[PDB]
Protein chains: 4
Amino acid sequence: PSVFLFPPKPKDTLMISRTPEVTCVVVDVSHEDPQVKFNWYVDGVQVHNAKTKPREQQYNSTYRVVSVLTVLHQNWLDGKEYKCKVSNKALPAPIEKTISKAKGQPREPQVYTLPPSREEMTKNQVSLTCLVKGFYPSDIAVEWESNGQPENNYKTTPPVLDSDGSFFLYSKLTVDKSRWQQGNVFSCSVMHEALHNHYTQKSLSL
Amino acid sequence: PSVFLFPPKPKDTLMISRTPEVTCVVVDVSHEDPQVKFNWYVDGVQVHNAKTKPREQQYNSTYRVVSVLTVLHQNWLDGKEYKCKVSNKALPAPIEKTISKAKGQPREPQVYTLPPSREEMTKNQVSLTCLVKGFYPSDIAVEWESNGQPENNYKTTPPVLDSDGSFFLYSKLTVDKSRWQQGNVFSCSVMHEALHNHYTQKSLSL
Amino acid sequence: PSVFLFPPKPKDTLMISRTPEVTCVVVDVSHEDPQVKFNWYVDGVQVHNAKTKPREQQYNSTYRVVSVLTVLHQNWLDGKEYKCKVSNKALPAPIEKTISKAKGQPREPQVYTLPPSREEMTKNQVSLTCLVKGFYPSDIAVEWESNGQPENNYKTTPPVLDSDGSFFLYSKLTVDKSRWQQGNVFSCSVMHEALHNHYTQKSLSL
Amino acid sequence: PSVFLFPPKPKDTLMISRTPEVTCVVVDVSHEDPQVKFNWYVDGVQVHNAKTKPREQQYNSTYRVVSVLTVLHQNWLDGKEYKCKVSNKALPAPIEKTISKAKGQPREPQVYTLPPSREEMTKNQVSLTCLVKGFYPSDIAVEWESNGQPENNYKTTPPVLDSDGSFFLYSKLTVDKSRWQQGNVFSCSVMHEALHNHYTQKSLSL
Ligand SMILES: *[C@@H]1O[C@H](CO[C@H]2O[C@@H](C)[C@@H](O)[C@@H](O)[C@@H]2O)[C@@H](O[C@@H]2O[C@H](CO)[C@@H](O[C@@H]3O[C@H](CO[C@H]4O[C@H](CO)[C@@H](O)[C@H](O)[C@@H]4O[C@@H]4O[C@H](CO)[C@@H](O[C@H]5O[C@H](CO)[C@H](O)[C@H](O)[C@H]5O)[C@H](O)[C@H]4NC(C)=O)[C@@H](O)[C@H](O[C@H]4O[C@H](CO)[C@@H](O)[C@H](O)[C@@H]4O[C@@H]4O[C@H](CO)[C@@H](O)[C@H](O)[C@H]4NC(C)=O)[C@@H]3O)[C@H](O)[C@H]2NC(C)=O)[C@H](O)[C@H]1NC(C)=O
Ligand SMILES: *[C@@H]1O[C@H](CO[C@H]2O[C@@H](C)[C@@H](O)[C@@H](O)[C@@H]2O)[C@@H](O[C@@H]2O[C@H](CO)[C@@H](O[C@@H]3O[C@H](CO[C@H]4O[C@H](CO)[C@@H](O)[C@H](O)[C@@H]4O[C@@H]4O[C@H](CO)[C@@H](O[C@H]5O[C@H](CO)[C@H](O)[C@H](O)[C@H]5O)[C@H](O)[C@H]4NC(C)=O)[C@@H](O)[C@H](O[C@H]4O[C@H](CO)[C@@H](O)[C@H](O)[C@@H]4O[C@@H]4O[C@H](CO)[C@@H](O)[C@H](O)[C@H]4NC(C)=O)[C@@H]3O)[C@H](O)[C@H]2NC(C)=O)[C@H](O)[C@H]1NC(C)=O
Ligand SMILES: *[C@@H]1O[C@H](CO[C@H]2O[C@@H](C)[C@@H](O)[C@@H](O)[C@@H]2O)[C@@H](O[C@@H]2O[C@H](CO)[C@@H](O[C@H]3O[C@H](CO[C@H]4O[C@H](CO)[C@@H](O)[C@H](O)[C@@H]4O[C@H]4O[C@H](CO)[C@@H](O[C@H]5O[C@H](CO)[C@H](O)[C@H](O)[C@H]5O)[C@H](O)[C@H]4NC(C)=O)[C@@H](O)[C@H](O[C@H]4O[C@H](CO)[C@@H](O)[C@H](O)[C@@H]4O[C@@H]4O[C@H](CO)[C@@H](O)[C@H](O)[C@H]4NC(C)=O)[C@@H]3O)[C@H](O)[C@H]2NC(C)=O)[C@H](O)[C@H]1NC(C)=O
Ligand SMILES: *[C@@H]1O[C@H](CO[C@H]2O[C@@H](C)[C@@H](O)[C@@H](O)[C@@H]2O)[C@@H](O[C@@H]2O[C@H](CO)[C@@H](O[C@H]3O[C@H](CO[C@H]4O[C@H](CO)[C@@H](O)[C@H](O)[C@@H]4O[C@H]4O[C@H](CO)[C@@H](O[C@H]5O[C@H](CO)[C@H](O)[C@H](O)[C@H]5O)[C@H](O)[C@H]4NC(C)=O)[C@@H](O)[C@H](O[C@H]4O[C@H](CO)[C@@H](O)[C@H](O)[C@@H]4O[C@@H]4O[C@H](CO)[C@@H](O)[C@H](O)[C@H]4NC(C)=O)[C@@H]3O)[C@H](O)[C@H]2NC(C)=O)[C@H](O)[C@H]1NC(C)=O
């Protein structure tokens, strides 16, 4: 019987709108010793009931019981260590897996905007590109805006480790040629931990 | 013995960095019946221990006991009704004061930037002005940036009710003439509930 | 039982036609000790009967007795300290609340009128704005005139302290686009203590 | 006991000099039932001995037995389905995991090379970028050359699915400013299934 802690999705931490949650999961819960008793400790103080809220589930030939605890942004972004202390009878001595954003003197993500190669103009749909480099840690979200209104045709590579011990990632927003020539202004937003107001925006036009 | 609920400061709600808190206070707590027992209910479910955390305090010729409960942005911005149910013996039937951001189909704050009257150029320190109008509700924060770096010399009128049932407010950033002539770019940021990404920025230059 | 002194409205002080009055008010006057005896002292000499003139009034579960004393412009603008010395039997030692408007070197507000950001022109109703800065003390009132006739659509932020130890405040007069383009002449009037003839007017047009 | 099939590395498939191999691996092989009997079938006909060649290995508290089969370029690029049929006594009915790379009409990536945003020039190290889009299937590898000699400072995002059902990926080669200004010629090489000679190269310079 082994435990697994799950950090929250980025998007949900960086925004005041969402509810980011830390997830703890237990798999391989023997039919004979089905009792699992979760114990959550926030940094140090037990958050007891806090928000923990499981359910049981039959699976493989075993069980999978998942218990969830809500997290306060503030605390997370500030590194409060979150701890899961799960207990069973089959198990010998309760397992205690832990999890916190990975400490690490943050690096202010650099963000540039790059236009389509003359070459691409040859086709009926050009492609704009905004590289987001040298930031830390991975957590970060990118979104595109052509005005106040944000666009649809766009994807975002996940991050890769650079040599700096830094991070970088790209994002494409394919756009119908006309648009681009008709010199419209586009902007890719980058929300992250170190951006002064957890945000910065750049723009591409003609 | 009467109770008073206190909504959180704007700044602390709109940002993922801060810890916005709802404050409940009891004044006029008779020397003979000093026992006050707080009961907090979130929307409906009692948050029992949640985060409540008071202390007693001798004052006037009476007592003032303040108990505080932490609030999750999400929930607040979404209107969860927060309720304080205070009880004493002197008091007849516990008092139950409540409090939630004031419902009200929000209005996307319009934000413009205005330069100094030719007339002001006459002095050794000009003044830039960004009006923030027609938004709702009052909650909103304004900050100034000349580059990535944010400035110091600046104040922000509180809001006033307009005819629209809307709100508006101004903000000055006095700046040394040279600066202004040396065509530097300035920007006043407006963080609010309805701004797509809870933010928008405008700029003033030459 | 607690007393509250009320300085006169600005308009009423700065003009020779109005009668500006200082108001003293008593709240929570216990049904058993309803006797309240007003004692007015101007600067030093008791103004005894002067113009004091109350009446009694039953309220929530208490009484609220208001007594008023007329003030001479001259004396006020010159700083004569006005004092209210209220006495009751319930109360221990009569309360003596005082009131004079600000101490110090009044300063001449300098006023500028500013037009609507081109951007605002995009809408069906532009907005004119006249900042009134660097004045002392807060006392001051603003009024709008598009001709000899003054307008209606307009509000006035209260003052905020600046760094000069000075004061400033703004005022909006939203106006329907056409009229503004139709190059009409508008003026925001500023009545204050240090304006030569306790007034000054500026205008905005095309 | 569970089996895992491993497709060959791209470079090894697209080139006539390398030997690309499909790998089959068995984990959690119980100390009591350590007998694992590998059965390889190419597309349909069992390749019996073919080239299969394992060995046993003790691990955590279990065994991990890896057996490898060499693959003919031709057959692979043509889609021959490769199958691993592993059997043990502990296990109930042998596991048969399969593996062939993608089905469908491969598509010819179109490649563009893009320069660093003027803005980047502000720093001590610019960054070159060549987007590789609209290709199928994911299989593909990129390499950088500044001459005949290929560089080191560079990473390569994995692919992401686009809307065409196509694929695209980027690759950064940070380079010290001077060199870029010193107008040196750089080229990013793209080896893939549909590139005429399973290759194509583009260059960036001044
Ligand atoms: C009997 O059956 C059970 C389930 O049955 C499955 O069977 C298979 C065949 C399948 O086809 C289905 O039929 C069915 O799912 C078995 O349970 C499994 O038990 C495994 C252990 O034996 C366990 O392995 C771990 O898996 C980890 C990740 O697995 C992902 O993939 C699953 C399927 O795609 C998915 O369901 C999982 O949830 C998980 O994906 C991510 O899960 C998050 C939880 O919800 C989720 O988070 C969300 O959270 C917020 C909250 O609202 C919000 O929802 C967000 O959207 C979201 O972020 C993620 O989104 C979600 N992703 C997706 C795409 O949904 C894997 O990481 C583990 O790796 C570790 O184990 C190695 C092996 O021992 C170690 O060597 C490694 O070190 C590693 O752990 C390291 O930990 C270190 C510190 O913690 C790190 O430094 C290091 O980086 C880690 N290493 C790595 C490389 O990760 C591990 O393999 C399975 O997850 C579990 N399945 C499920 C679903 O529970 C059961 O075991 C069976 N019995 C047996 C024993 O055979
Ligand atoms: C014995 O002494 C006690 C204290 O002693 C005081 O004595 C005086 C003379 C003083 O000089 C000192 O010696 C000492 O302070 C007495 O206690 C007082 O009891 C009063 C009742 O008798 C009570 O009146 C209410 O006051 C409300 C606001 O008062 C502010 O001002 C205080 C002093 O400046 C300040 O300390 C208060 O805290 C409060 O200011 C704001 O307080 C928030 C609480 O901390 C604070 O919030 C923060 O929260 C976050 C959390 O971290 C973060 O900290 C943020 O930074 C921050 O936002 C605010 O910042 C803080 N502001 C500042 C500048 O710090 C007043 O609003 C009440 O008005 C209501 O009452 C009227 C009369 O009955 C009603 O008619 C009105 O309707 C009104 O209630 C309405 O409610 C509706 C719905 O709720 C609304 O629709 C409507 O808008 C409301 N109306 C209005 C106009 O408000 C009320 O007057 C005093 O506050 C209390 N003082 C203290 C400090 O507790 C005790 O009473 C004495 N015995 C007696 C009976 O004589
Ligand atoms: C009962 O009840 C009540 C409640 O109320 C309610 O009720 C109901 C039933 C009815 O009946 C009524 O009453 C109401 O509705 C009570 O009483 C109340 O309350 C209180 C007491 O407690 C008071 O006081 C408070 O508040 C205030 C405000 O007020 C104001 O406003 C209002 C509104 O509107 C009004 O009404 C009033 O009056 C005021 O004002 C006004 O008045 C004046 C005079 O008359 C005016 O003027 C006039 O005159 C002139 C001459 O020339 C001219 O003519 C003009 O035109 C006119 O008009 C003005 O203008 C007006 N305005 C308006 C608004 O309208 C406040 O202020 C206060 O406050 C205080 O406290 C706080 C806290 O503590 C603070 O903050 C502040 O500040 C103060 O104190 C102090 O002060 C100082 C100065 O600045 C400072 O510095 C310091 O610091 C402070 N301290 C502290 C602590 O802080 C208060 O609070 C009220 O008012 C009342 N109401 C009425 C009616 O009035 C009672 O009590 C009960 N009973 C029992 C329970 O006991
Ligand atoms: C014991 O323990 C262990 C743990 O671990 C650890 O430990 C230690 C002690 C040591 O010893 C070791 O082991 C380590 O460290 C265990 O085992 C383990 O774990 C597991 C089992 O459980 C496994 O598996 C998992 O993971 C995976 C990953 O893997 C990968 O990676 C890694 C890292 O590195 C490696 O190692 C491996 O191998 C892999 O890969 C690799 O390999 C291959 C082959 O060899 C390669 O290739 C090669 O070959 C070629 C030919 O030509 C060439 O030569 C090249 O060059 C070479 O290299 C490759 O490349 C490599 N790579 C790397 C990375 O390196 C994963 O994958 C898996 O996953 C799964 O599951 C999940 C969940 O479930 C999912 O998601 C996925 O997906 C999968 O499944 C499935 O799949 C499919 C496909 O896609 C899908 O669709 C589906 O959906 C799915 N399902 C689901 C549910 O979802 C897994 O998880 C591992 O691996 C191991 N490790 C090792 C060593 O390996 C055991 O178990 C224990 N015991 C007991 C307790 O029992």
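Residues numbered from 1 in each chain as written, not as in the entry; some residues may be left out. Chains lettered and ligands numbered in written order. Heavy atoms only, no water. Residues with missing side-chain atoms left out of burial classes, pairs and counts.

Structure determination for this PDB entry was carried out by X-ray crystallography, with a resolution of 4.1 Å recorded in the header.

For chain A, the PDB entry supplies the name IG GAMMA-1 CHAIN C REGION and the organism Homo sapiens.

The secondary structure content of chain A amounts to 3 helices and 17 strands. Taking 206 residues into account, the globule formula puts the C-alpha radius of gyration at 17 Å, and chain A, at 22 Å, lies well above it. Seen along its three principal axes, the alpha-carbon backbone of chain A occupies a region of about 70 × 35 × 35 Å. Partitioning the contacts of chain A with sequence separation of at least 6, the portion at a separation of at least 24 is 55%. (Helix = DSSP H or I, 4+ residues; strand = E, 2+ residues; numbered from the N terminus. Rg over C-alpha atoms; globule rule 2.2 N^0.38 Å. Contact = heavy atoms within 4.5 Å.)

So, about the interface of chain D and chain A. With 16 residues of chain D at the interface, the matching set in chain A holds 17 residues. Every element with two or more residues in the side of chain D that touches chain A is listed here: β8 (110–114) and β9 (125–135) of chain D.

Contact residues are listed per partner, giving 17 residues for chain B and 16 residues for chain C. Of all elements in the fold, only β13 (160–161) and β15 (171–176) of chain B reach the threshold of two or more residues within the side of chain B that touches chain C. Of the residues belonging to the side of chain B that touches chain C, the class tally is 7 nonpolar, 4 polar and 6 charged. (Nonpolar A, V, L, I, M, F, W, Y, C, P; charged D, E, K, R; others polar.)

Moving on: the relation of the copies chain B and chain C. Rotating chain B by 177 degrees and moving it 0.1 Å along the rotation axis overlays it on chain C with an RMSD of 1.1 Å. In symmetry terms, the pair is related by a two-fold rotation axis. (Least-squares fit on C-alpha atoms.)

Once that is clear, we can look at unusual backbone geometry. Along the chain, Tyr136 of chain A connects to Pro137 of chain A via a cis peptide bond; the corresponding omega equals 0 degrees. Summarising the element assignment, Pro137 of chain A is placed in the loop between β10 (132–135) and β11 (141–145). Not every positive phi belongs to a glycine, and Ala50 of chain B is a case in point at roughly 30 degrees. For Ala50 of chain B, the location among the structural elements is in the loop between β4 (45–46) and β5 (64–70).

Further remarks concern the sheet that holds strand β8 (residues 110–111) of chain B. Residues and elements named next belong to chain B. Taken together, the 4 strands give an open sheet; going across it, the order is β8-β10-β14-β13, and neighbouring strands pair in antiparallel fashion. Edge strands, defined here as strands with exactly one partner in the open sheet, are β8 and β13. Bridge analysis of β13 against strand β14 (residues 167–169) gives 2 bridges, and the strand direction is antiparallel. Note that in β14 the partner of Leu161 across the bridge is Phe167. (Pairing = 2+ DSSP bridges.)

Residues and elements named next belong to chain A. Its domain assignment divides chain A into domain 1 (1–100) and domain 2 (101–196). The distance between the C-alpha centroids of domain 1 and domain 2 comes to 34 Å. Every contact between the two is made by 6 residues of domain 1 and, on the other side, 6 residues of domain 2. The residue inventory of the side of domain 1 that touches domain 2, partitioned by class, reads 4 nonpolar, 2 polar and no charged. (Domains from an automatic or database assignment.)

A few words now on the state of the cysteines. Residue and element names in this part refer to chain A. Linked covalently through their sulfurs, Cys24 and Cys84 form a disulfide whose S-S length is 2.0 Å. Disulfide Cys24-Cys84: torsion about the S-S bond near -90 degrees, hence left-handed. Taken together, the positions of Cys24 in strand β2 (residues 21–27) and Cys84 in strand β6 (residues 82–86) put the pair 60 residues apart, joining distant regions of the chain. Assigning the bonded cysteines of chain A consecutive numbers by sequence position, one obtains the connectivity 1-2, 3-4. (Disulfide = S-S within 2.5 Å.)

All right, on to the pattern of salt bridges then. When their charged atoms lie close together, side chains carrying opposite charge are able to pair. The partner of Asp33 of chain A in a salt bridge is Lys89 of chain A, with the nearest N and O atoms 3.7 Å apart. Pair noted here: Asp33 of chain A is in the loop between β2 and β3 (40–42) and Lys89 of chain A is in the loop between β6 and β7 (95–99), with a separation of 56 residues, a long-range link. As a salt-bridge pair, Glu119 of chain C and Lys202 of chain B come within 2.9 Å of each other at their nearest N and O atoms. In this pair, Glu119 of chain C sits in the loop between β8 (110–114) and β9 (125–135) while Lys202 of chain B sits in strand β17 (residues 201–204), so the two residues belong to two different chains. (Salt bridge = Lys/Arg side-chain N within 4 Å of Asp/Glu carboxyl O.)

Right, let's talk about the arrangement of the chains for a bit. Between chain A and chain C there is no contact, and the shortest C-alpha to C-alpha separation is 14 Å. As for chain D relative to chain C, no contact occurs, and the smallest C-alpha gap between them is 28 Å.

A word on the environment of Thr19 of chain C. In this structure, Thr19 of chain C sits in the loop between α1 (10–14) and β2 (21–27). If we ignore the near neighbours within four places in the chain, the residues touching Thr19 of chain C are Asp12 and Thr70 of chain C.

Our next topic: the packing of aromatic side chains. Centre to centre, the rings of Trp76 of chain B and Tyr82 of chain B are 6.0 Å apart; their planes meet at 85 degrees, and the pair counts as edge-to-face. Every member of this aromatic cluster is reached through a ring pair, and the members are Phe168 and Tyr170 of chain A together with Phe168 and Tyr170 of chain D. The ring of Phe168 of chain D has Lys172 of chain A lying over it, and the distance from NZ or CZ to the ring centre is 2.8 Å. (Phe/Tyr/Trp six-rings, centres within 6.5 Å; stacked < 30°, edge-to-face > 60°. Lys NZ or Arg CZ within 6 Å of the ring centre and 35° of its normal.)

Taken in spatial order, the 4 strands line up as β4-β3-β6-β7 (chain A) in an open sheet, and their pairing is antiparallel. Strands with a single pairing partner mark the edges of an open sheet, and in this sheet they are β4 (45–46) and β7 of chain A.

To continue, consider the pairing of strand β16 (residues 186–191) of chain B. Residues and elements named next belong to chain B. Two elements, strand β11 (residues 141–145) and β16, share 5 bridges in a ladder whose sense is antiparallel. Counterpart to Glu143 in the pairing with β16 is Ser189. Summarising the sheet, β16 and β17 pair through 4 bridges and their orientation is antiparallel. Counterpart to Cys188 in the pairing with β17 is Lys202.

The next subject is the pairing of strand β14 (residues 171–176) of chain C. All names here are of chain C. Pairing geometry for β9 and β14, over 5 bridges, is antiparallel. Within β14, the position partnered with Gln125 by the bridge is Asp176. Relative to β14, strand β11 (residues 155–156) runs antiparallel, the two sharing 2 bridges. Note that in β14 the partner of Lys155 across the bridge is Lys172.

Before going further, it helps to spend a moment on the environment of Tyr136 of chain B. Looking at the secondary structure, you find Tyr136 of chain B in the loop between β10 (132–135) and β11. If we ignore the near neighbours within four places in the chain, the residues touching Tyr136 of chain B are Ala102, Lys103, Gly104, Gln105, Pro106, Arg107, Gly165 and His192 of chain B.

Moving on, we come to the side chain of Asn197 of chain B. With respect to the helices, strands and loops of the structure, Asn197 of chain B is situated in the loop between β16 and β17. A polar contact is formed between the side chain of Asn197 of chain B and the side chain of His196 of chain B, at a distance of 2.5 Å. The contact partners of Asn197 of chain B, leaving out residues within four places of it in the chain, are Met15, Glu145, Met191 and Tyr199 of chain A. (Polar contact = N/O pair within 3.5 Å; in protein donor to acceptor, adjacent residues only side chain to side chain.)

The next thing to look at is the environment of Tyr112 of chain B. Secondary-structure assignment places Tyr112 of chain B in the loop between β8 and β9 (125–129). Expressed as a C-alpha distance, the spacing of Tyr112 of chain B and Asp164 of chain B, which sit 52 residues apart in the sequence, is 18 Å. When sequence neighbours within four positions are dropped, the list of residues in contact with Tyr112 of chain B reads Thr129, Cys130, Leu131, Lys133 and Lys202 of chain B together with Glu119 and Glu120 of chain C.

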